[PDB]
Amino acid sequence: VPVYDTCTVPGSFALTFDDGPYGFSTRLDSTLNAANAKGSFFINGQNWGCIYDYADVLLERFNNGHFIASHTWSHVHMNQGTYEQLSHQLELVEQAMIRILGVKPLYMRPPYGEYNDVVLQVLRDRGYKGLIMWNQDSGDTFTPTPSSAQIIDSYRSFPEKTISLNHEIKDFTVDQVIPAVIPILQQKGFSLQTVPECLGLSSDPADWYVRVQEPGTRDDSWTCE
């Protein structure tokens, strides 16, 4: 399976967000949507909330052309898992997206940026088309944590074709950084694209997923316990 860390489309720039959705996600998506900016979201199943409790955010995200991909169910250190454990960690997110959205993801980003040959083999066997890394880090999960002003200033020098790592579980990323950096990036000539579009893969959201069935209605299986 191919590993990607840099866009190829001239002028493109990928704002990417890990570990969500979360309690500020509706705000984040409204900010992106108001600027016609597209985000890439690498979601968990049970980590900072249960994915089924975020179904409405996920549906808005899906239907507005944002890119949704897997970050594993439980945010595991994948280099420590067996083939079978990793397959389960991916299957569980696939199943949630099948229930909520009717589709399976074709892409994923490994927690901690940690992967190996077992990870790549599981991805190949499960039909994934790509493992998505990054090439610039906002620092929003560094500890001690930089200020929003520091993060915004770092964004002023991230060049074209950046795939930027952010975490939507950080309130200041949603409330301070992204509202400041969208105009910085758009006004200097960058196109805020999803990762597949910026890689010269398809710009059609339907090509980022495999349709399995019609989206489900919420029932008692929409649970993480």
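In case it trips you up, residue 1 is the first one in the sequence shown, and so on.
Student: Between 62-70 and 162-170, point out the one with the higher average CA B-factor as the PDB entry records it.
Tutor: On average, C-alpha B-factors are higher across 62-70.
Student: Output the stretch having the higher mean C-alpha B factor in the entry; the candidates are 9-17 and 203-211.
Tutor: It is 203-211.
Student: Tell me which of 135, 121, 141, 148 tops the list for C-alpha B factor in the record.
Tutor: That would be 121.
Student: Using only the C-alpha B-factors in the record, can you name which of 76, 108, 100, 152 has the highest?
Tutor: Among 76, 108, 100, 152, the highest C-alpha B-factor in the entry belongs to 76.
Student: Determine, from the deposited record, the chain-internal third of the Cα B-factor for residue 178: lowest, middle or highest.
Tutor: Within its chain, residue 178 is a lowest-third residue by C-alpha B-factor, going by the deposited values.
Student: Per the entry's values, where does residue 194 land by CA temperature factor relative to the rest of its chain, in the lowest, middle or highest third?
Tutor: For residue 194, whose C-alpha B-factor we compare with every modelled residue in the chain, the answer is the lowest third.
Student: Sorting by Cα B-factor within the chain, modelled residues only, which third would residue 40 end up in: lowest, middle or highest?
Tutor: Residue 40: CA B-factor falls in the lowest third of its chain.
Student: Relative to the other modelled residues in the chain, which third contains the C-alpha temperature factor of residue 47: lowest, middle or highest?
Tutor: It falls in the top third of the chain.
Student: Residue 57: which third of its chain by C-alpha temperature factor?
Tutor: Answer is highest: the recorded C-alpha B-factor places it there.
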